[PDB]
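Trainee: Only the shape, not the letters, is given here:
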Ligand SMILES: O=C(O)Cc1ccccc1O
């Protein structure tokens with residue numbers, strides 16, 4: 001048993017809810033929250049800008065030190081950093097950004113990072129401002145992640161369409 005509440009069960013291991021991931025993280029304090037990161041860990045908008053704002057910019061300060069030491073992530077890659085006031089850990093995962101021309105086949109590689117963690121609170125990778133088909137992102141999630149994932153869909157109209165189209 002875990003602390004996640006009000007989720008619709010899609011599969012053995014994937015759950016979904018219409019929720020603000022920031023507000024969900026603040027309530028649950030999950031072991032792992034996933035950030036929709038870019039390779040530079042520049043947290044400006046969407047999930048990253050919202051998560052970073054909720055940490056009072058401490059996520060960005062920590063991220064800048066990580067990049068200064070290690071250089072940029074790979075598209076499809078990840079790193080584990082602090083969850084600050086939101087979670088124990090933040091798994092920063094880089095899905096491909098369609099609005100930068102990145103290979104959508106890298107979305108499966110991105111979701112494979114989730115398998116290193118038994119339970120996660122996450123957004124749909126590459127959805128919204130990343131320019132990919134969200135319905136596609138949910139299918140790749142279900143067909144790739146084997147650990148227990150609680151998806152927070154921010155946009156209500158996107159949530160209802162994802163549920164009503166789910167195979
Ligand atoms: O609603 C979601 O969860 C998907 C998403 C991600 C980023 C920006 C806007 C947006 O709708």
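Mentor: Okay, I see it. Residues are numbered from 1 along each chain as shown.
Trainee: Please name the bridge partners of the nearest residue to residue 151 once chain neighbours are set aside.
Mentor: Residue nearest to residue 151 in three dimensions, not counting chain neighbours: residue 16, with 4.5 Å by CB to CB, 6 or more residues apart in numbering. Any C-beta I mention is one placed from the backbone N, CA and C, and that applies to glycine too. Per DSSP bridges, the residues bridged to residue 16 are residue 8, residue 151.
Trainee: which ones are touching residue 16?
Mentor: 7, 8, 10, 138, 150, 151, 153, 159, 162, 163 (CB atoms under 8 Å, 6 or more residues apart in numbering).
Trainee: Could you report the separation of the fourth one from residue 21?
Mentor: Looking back up the chat, that one is residue 138. 15 Å (CB to CB, to the nearest Å).
Trainee: what's the span of stretch 47-60 from first residue to last?
Mentor: 13 Å (CA to CA, to the nearest Å).
Trainee: Residue numbers of this structure in contact with the ligand?
Mentor: 46, 47, 123, 124, 127, 128, 129, 153, 154, 155, 158 (CB under 6 Å from any ligand atom).
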